[PDB]
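In order, the protein sequence lines correspond to chains A and A'. A prime marks a further copy of an entry chain.
Heads up: the first sequence begins at 34 in the entry's author numbering, then just goes up one per residue.
Heads up: the second sequence begins at 678 in the entry's author numbering, then just goes up one per residue.
Positions of the beta carbon are idealized from the N, C-alpha and C atoms, including for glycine.
Here the structure is laid out as C-alpha cells; the discussion comes afterwards.
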Amino acid sequence: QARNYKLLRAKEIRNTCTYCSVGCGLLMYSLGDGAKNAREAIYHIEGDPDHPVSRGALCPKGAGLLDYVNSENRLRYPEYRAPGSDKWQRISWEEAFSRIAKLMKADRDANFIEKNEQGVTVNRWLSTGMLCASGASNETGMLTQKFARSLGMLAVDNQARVXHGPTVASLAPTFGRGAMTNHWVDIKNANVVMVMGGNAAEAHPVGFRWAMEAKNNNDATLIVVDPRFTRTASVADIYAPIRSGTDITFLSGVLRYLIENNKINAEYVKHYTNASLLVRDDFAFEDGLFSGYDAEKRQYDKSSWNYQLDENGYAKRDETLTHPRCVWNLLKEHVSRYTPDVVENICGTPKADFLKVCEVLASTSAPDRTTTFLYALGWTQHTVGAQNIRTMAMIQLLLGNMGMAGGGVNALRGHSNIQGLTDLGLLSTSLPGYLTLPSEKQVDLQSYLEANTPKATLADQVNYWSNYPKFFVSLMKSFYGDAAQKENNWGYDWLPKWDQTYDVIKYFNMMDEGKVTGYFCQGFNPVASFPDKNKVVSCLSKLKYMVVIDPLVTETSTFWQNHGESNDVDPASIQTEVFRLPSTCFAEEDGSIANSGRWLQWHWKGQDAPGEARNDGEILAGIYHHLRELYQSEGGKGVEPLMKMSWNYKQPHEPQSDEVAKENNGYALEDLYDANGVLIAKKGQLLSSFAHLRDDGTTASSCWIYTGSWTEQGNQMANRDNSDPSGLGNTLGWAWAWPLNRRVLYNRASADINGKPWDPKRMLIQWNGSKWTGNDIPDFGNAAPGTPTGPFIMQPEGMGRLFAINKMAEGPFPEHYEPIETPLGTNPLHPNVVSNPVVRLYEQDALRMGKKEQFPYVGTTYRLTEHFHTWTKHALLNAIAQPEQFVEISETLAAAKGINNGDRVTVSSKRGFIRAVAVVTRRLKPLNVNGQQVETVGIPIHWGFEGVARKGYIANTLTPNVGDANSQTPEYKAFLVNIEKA
Amino acid sequence: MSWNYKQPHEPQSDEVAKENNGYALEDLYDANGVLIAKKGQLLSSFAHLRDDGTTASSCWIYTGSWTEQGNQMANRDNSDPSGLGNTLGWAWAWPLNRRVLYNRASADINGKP
Ligand SMILES: Nc1nc2c(c(=O)[nH]1)N[C@H]1C(S)=C(S)[C@@H](COP(=O)(O)OP(=O)(O)OC[C@H]3O[C@@H](n4cnc5c(=O)[nH]c(N)nc54)[C@H](O)[C@@H]3O)O[C@H]1N2
Ligand SMILES: Nc1nc2c(c(=O)[nH]1)N[C@H]1C(S)=C(S)[C@@H](COP(=O)(O)OP(=O)(O)OC[C@H]3O[C@@H](n4cnc5c(=O)[nH]c(N)nc54)[C@H](O)[C@@H]3O)O[C@H]1N2
Ligand code: SF4
Ligand SMILES: [Mo+6]
C-alpha cells in the first residue's frame, strides 16, 4: 500500500503567508511534539481550509514557503565586513551590539540638531536613517517606531514610499481614508470587475479567486486594461491595451462618457459628493496649468482651489447644480477635452475597445449594479500616480459604487504587512494612527493641535478628526507614561520636528553629497528595489556604516562585493563597515500583520530560528540598550528625548508580541466615566474603543485605530469564527479589522438618503428607528435618515470629493501629463506642458534621463506570479518554477531586430543595462499613438545576484530616479529603453 | 459526622474537592455592604471564611482551588510572561496561588528588588 501519511503525529501551528497582502491562512507542520528535548523543525506547510479569504488555497509563493523557511541562504550568525574588505567575519551578538552603538553614538553626538536657525527646539538627527520591514509584524513595527523617533530620526521609511504612497495621497483627500475600502471575499458580489493598473491574477492570486467567483457565479464581466495581455487577461471577458503612463486620459475619457450619456447615480452624486459646492471664481485651468502656478518654484499657490464661503463660514452650495461655479459644472468642463479620439491618440487604445469598456462601466450607474476596481502599481508608480487614482475614485463616486458590497476601491496592498507599517506611521513625517510629527514651524502644543485638527466645512458633519487631540495625548502617554504631563505639554518637545519630508530619493541625494553617515535596512533590499541601481550602489558606497537585519542574504548586504556585470564594484575602494544581523522569519515568532482589507490577524510560532538568529525586537533592544547605557554613563547630545522613551516590557531585552499589541490597543490609566456617571473602564484595563480615548492624560494608546483589537474580552486578532449570516461574505468573527471591525468602509452610502438600500439584495446597514444596524458595523454615527450628515465621516464636509480642493500638489482635478522619459517627446493634449509641472527632479538625475532618439521603446517593470521581488529566488521550489531572467517583447519588435524567441538580448536605458532571454509574443503589440508606432519592452523584477535561481541582473539598473509629485514614489512603470541582440 | 454525597457508597472526587475549597452558607457581605458571595456558592478565598457558622471549608489553605470560576486544579495555561518560569495559569498552588513563599523579602525595605 501507499506510504503512510507523513504529518500524522506532527505539531500543527496556525500562521499567515509572509509574502503579499491577501493574508492567506497557513497550517505549518513541525517534527517534534513540543517537548523540551525535541527542537521543532518545520517540514511541510499547506493552507488552512477554514480561513475565509483563502479557504485552503495557496499560490506558488505561499505553497513554497517551506523552501524559504529552510533556504540554504538563511542567515545564521552576526557578520561584519570591514572597510575595504572582500569577506565577512563572524562576530558575537555582544560585539555587534557594542560596535553599532559606538558608531551610532559618535554620529549622533556629532550631528544631532537640538535647535533650528529660528530658535525652535527640533531634536532631530538626519545623518543616520532607516528602512523598515513591511514583511515583519506590527509589534516589530511599533518597536521600530519607538527606536527611531526616540533617537530623533526623520529619514525613516518603509516600502509604502515606493508603493502605495500615491493611493494614500489620493484616496484620503477623496474619501477621507487611504486604505482599501472593501475586502477580498466581498469582490464576489460585484457585477463588473475592473483590473486596470494592476495584474491581480499574478499579484494577488488567492484573493483573485473572489473575482473569478463574481465572473463565474454572479455573472460578472471581468475587464483587463494593461499594456500587456497578462495571465489576468487570459480569463477576462474584455481585454483592452493601453500605453504605460496614459491612464489619466483613458479614465478622464470614461468620466466624459458617463457625464455626456447621463450614466450616473444622480441622487448619490447630488447628496454624497461635493458636486453642489461652489468653487472660488479665481479657480481656473488653461493649456495644462491650473491657476496659481509659480514657474520658478515649480509649485502652485492653491488659494484659488477652494470653495466659496457663506456667512457662517461653511462652503456655499447650489443643490440644483446649475450654478456655473459648482463642482459638477467645472468637472464637466474639465473632462470635455477627453473624447474617444483623444483617448485613442494618446493611450493607443482602439476606439472600439474603449467603447466596450465605457458601456460596461456605464451599466453599473444603476443603483443595483456595481463595479469594483482592483488596482496597485500600474497606477501608483508614476509621476502622476496619485492623479491616476483620483480619476478612478471620481468614476466610482459618479456611478454610486462607494460603500456598496461588490463595489468600492480595492487598492490591493503589496507586502504582507505594508498596511500595518503604514498604519503605525513608519514614514518620514508620520506617527501611528495617521497622526503627524510636528513641523518645525509649530512651536508649541497649541499650534500643533490647531494645524492637525480640521474645522468642519459644512454644518452637521461627523468630522471625526476633530478628536485629534485625544489621539495625540494618548500616544504621548503610551510613549512617555508618567513623564508626559499637562505641565510639560505631554512631552511635546521630545519628538523630532521636521523642516521637510525626508523621502528615499531625497535622502539618497543627500547620501550622494556625503551628508549621510549610517543607514539601517530592516527587511528592505534597496540595491534591488530602489530606482537606478548603479546610482544606488554608488550612494551606499559613501556610507561609513550600514546595518542590515534580515532572515536571508540580500543584494544590499553584499553591495560591496564584486559579482561581475551584475555588481561590478571594487571592494578595496568601498570603506563602509557593514553589519549583517540574522533575524527570525514569519514562522519563528508570534504577532500580528494587517492584510489589504485592514484585517489584523494573529499568527503563532512554529520553530526557533536557525543558528544564532534572533527576533527583530531582540535585535533592536540589544542595540538600543547598549546605546542608552553609553548615554547614561558618558552623556551626549539629545539625551533627554532618548532616555524618556518608555520600554516597559517584563524582559527589556525580549519585548513580547502580546505586550506591544496591548500597548497599541491602549489602556485606561484612571477609572473612566461616561457623561451619565456610568463607569466605562477601570484603571489598568484595556480599552474597548477609540471612542473612550481622552485628551487629558487618563488614556494611553500607541495606535488609536487599533483600539478594540485586544480588549478585556481578549485578543480579537485571534478570532476564528468564519460565519457569514448574510451570504455577502462578511465574516465579522474572523480576526479583527480597523476601524472598530467595520469591514466595508463608507457603508452608510450603501443606502439612499432615506436609509433604503440602493440594492435590497445587498443591505449592509439599515435604520431601526434609533440606531444603524445590519450586516456590517456601520461606518457612521447615529444621524437619522434625512439629516444633512454625510457618509464620509473623516471628511470635514462629509462627502466624496470630485474636486480635491487644495489637497493634491498638481491640481484639484486630474490632468494628463507624460512620463519624464516619453516615447513621443511631447504631450498631444498641451505641448507647452509635457510632464507634471510640479514634479521634483534633482539636477544630477536630470542628466541621467534619456530621450527617444536613443531609447525609443517604452520600458515597464512588473511581477510574475511565481516569484516575490528578489526574495523567492532563495527558495528552490520557486526557482524551479521560473529559473531564469527574461524580458517580454512583441513579434514586430523582435522581427525588426532579428531576435528569435528565446535568444539572448541586451536591454539598456540612459542609466545602465541588463542582459536576458527574450520572450517574444503576441501578448505585447505595438500601439498607434500620436502618429507613431510605440513598442513596449517588459522587464520582470525577480532576478539578481544572490539566490538559487540562475544569476541575473537587478531590473532597477534601468529605471529612472524620479517620482510622483505628492509622495515621491518612483516612476518604475513608464520609462524609455533600447534593445539589441546579445 | 457528615457524608453528604449524592451516592453515599461512591463519593465523587469533585464533591470532596468542593468541600475542601469551601462554601458560603448564607449571603456574605463586606464591611461596605457589598455582596461578596451568595448562599450556596463556592468561596474564592480563605479571606472570606468566618467564625460565625456562615462559612464551611474542610481545608482552609485550599480555598480558591475550585471556585465559581471552576476547577482551578485543571488549569493548563503554561504562559511565563516574566521569563522567570513562574506559570500562574498551570494548576493552582496554595496558598492563594502564591508560587514563591515569602516573596515580600525579594525586595528591600523601600520596595526595591
Ligand atoms: N507574484 C507576485 N505578487 C506580488 C508581488 C510580487 O513580487 N510577486 N509583490 C507584491 C507588491 S509589494 C505589490 S505593490 C503588488 C502590485 O501588484 P501589481 O501592481 O498588480 O503588479 P505589477 O506586476 O507590478 O503591475 C501591474 C501591471 O501594470 C501593467 N502596467 C505597466 N505600466 C502600466 C501603466 O502605466 N498603466 C496600466 N494601466 N498598467 C500598466 C504591467 O504590465 C502589469 O501587468 O504585488 C504584490 N504581489
Ligand atoms: N522596478 C521596480 N521596482 C520596484 C517595484 C516595481 O514594480 N518596479 N515595486 C516596488 C515595491 S511596490 C516594493 S514593496 C519593493 C520591495 O522591495 P523590497 O521590500 O526591498 O524587496 P524584498 O525582496 O521584498 O525584501 C524584503 C525583505 O524582508 C526580509 N524579511 C522577511 N521577513 C522579515 C522579518 O521577519 N524581519 C526582517 N527584519 N526581515 C524580514 C526578506 O528576507 C527580504 O530580504 O520593490 C519596489 N521596487
Ligand atoms: S503570496 Fe499572497 S496570494 Fe499567495 S499564498 Fe501568500 S498571501 Fe496568499
Ligand atoms: Mo509593494
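Within chain A, the residues that A':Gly747 reaches when beta carbons sit closer than 8 Å
Those within 8 Å of A':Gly747 in chain A number zero; the least Cβ separation is about 17 Å.
Just verifying my parser: in three-state terms, what is the DSSP assignment at A:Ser599?
coil
Are at least three pairs of beta-carbons, each pair with one atom in the region 326-337 of chain A and one in the region 265-282 of chain A, less than 8 Å apart?
no
Taking 8 Å as the threshold (C-beta atoms), are A:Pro861 and A:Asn963 in contact?
yes
Residues of the region 672-688 of chain A with a CB closer than 9 Å to any CB of chain A': list them in chain order, please.
Against chain A' - using a Cβ distance shorter than 9 Å - the residues of the region 672-688 of chain A are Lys683, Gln684 and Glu687.
Does A':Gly760 get closer than 8 Å to chain A when you measure Cβ to Cβ?
At a cut-off of 8 Å between beta-carbon atoms, A':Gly760 makes contact with chain A.
Contacts around A':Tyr682, its chain only, beta-carbon distance under 7 Å, and the 5 residues preceding and following it disregarded
If the five residues before and after A':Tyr682 are omitted, its C-beta is found closer than 7 Å to the C-beta atoms of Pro688, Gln689 and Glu692, all from its own chain and listed in chain order.
Taking the C-alpha atoms as reference points, what is the distance between A:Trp158 and A:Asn144?
7 Å
Under the rule that 16 or more other beta-carbon atoms within 10 Å means buried, what is A:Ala115, buried or exposed?
exposed
Proximity to A:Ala212 [Cα-Cα], best of A:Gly198, A:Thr382 and A:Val218:
A:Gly198
Determine whether the beta carbon atoms of A:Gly185 and A:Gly671 lie at a separation below 8 Å.
Yes, Cβ-Cβ distance for A:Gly185 and A:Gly671 is below 8 Å.
Just to confirm the assignment, what range does the beta strand (DSSP E) spanning A:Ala951 have?
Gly945 to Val953
Residue from A:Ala951, A:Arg944 and A:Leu926 whose Cα sits closest to the Cα of residue 1017 of chain A
Given that chain A is displayed from residue 34 to residue 1015, the structure contains no residue 1017 of chain A and the question cannot be resolved.
The beta strand (DSSP E) enclosing A:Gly162, as first and last residue numbers
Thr161 to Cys165
Residue burial classification, A:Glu921 (beta-carbon count within 10 angstroms, cutoff 16)
Counting Cβ neighbours within 10 Å, A:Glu921 comes out buried, since at least 16 surround it.
Ranges of the alpha helix (DSSP H) found wholly within the region 869-908 of chain A, counting only runs of at least 4
If only complete runs of 4 or more residues are kept, the region 869-908 of chain A shows the alpha helix (DSSP H) at 876-879, in order along the chain.
Should A:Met229 be listed as close to ligand 5, given that the test is whether its C-beta is under 7 Å from any heavy atom?
Absence of ligand 5 from the depicted structure is noted, with ligand 1, ligand 2, ligand 3 and ligand 4 being the only ligands included.
Mind checking which residues open and close the alpha helix (DSSP H) that includes A:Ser571?
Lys566 to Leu573
When the Cα of A:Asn648 is compared with those of A:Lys958, A:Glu172 and A:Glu899, which residue comes out closest?
A:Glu172
For the 8 Å Cβ check, are there 3 or more pairs between the region 79-93 of chain A and the region 658-668 of chain A?
no
Would you report the Cα separation of A:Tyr525 and A:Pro471, rounded to the nearest angstrom?
9 Å
Rounded to the nearest angstrom, how far is the Cβ of A:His237 from that of A:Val55, given a contact under 8 Å?
5 Å
Starting from the C-beta of A':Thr731, find all residues in its chain whose C-beta is less than 8 Å away, skip the five residues before and the five after it, and write them out in chain order.
Here the set comprises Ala701, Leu702, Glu703 and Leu705.
Any heavy atom of ligand 4 inside 7 Å of the beta-carbon of A:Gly447?
yes
Just to check, is the beta-carbon of A:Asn443 closer than 7 Å to a non-hydrogen atom of ligand 2?
no
Are A:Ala308 and A:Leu835 close, meaning C-beta to C-beta below 8 Å?
yes
From the DSSP output, read off the bridge partner residues of A:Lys958.
Its beta-bridge partners do not exist; DSSP assigns none.
Check whether the Cβ atoms of A:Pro811 and A:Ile798 sit closer than 8 Å, and answer yes or no.
yes
Just the Cα atoms here: how many angstroms apart are A:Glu377 and A:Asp386?
When the Cα atoms are used, A:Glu377 and A:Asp386 turn out to be separated by approximately 10 Å.
Along the chain, which unbroken stretches of the beta strand (DSSP E) at least 3 residues long are found entirely within the region 413-496 of chain A?
442-444
Leaving out the 5 sequence neighbours to the left and right, which residues in its chain are closer than 6 Å to A:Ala782 when beta-carbon positions are compared?
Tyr305, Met435, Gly436 and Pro824
Option in A:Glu483, A:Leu464, A:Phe592 and A:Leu457 with minimal Cα separation from A:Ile987
A:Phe592
What do you reckon, is the C-beta of A:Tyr52 under 7 Å from a heavy atom of ligand 3?
Because some heavy atom of ligand 3 lies under 7 Å away, the Cβ of A:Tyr52 counts as near it: yes.
Among A':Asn698, A':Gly760 and A':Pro685, which has the Cα closest to the Cα of A':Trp771?
A':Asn698
Extent of the continuous beta strand (DSSP E) to which A:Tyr76 belongs:
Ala74 to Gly80
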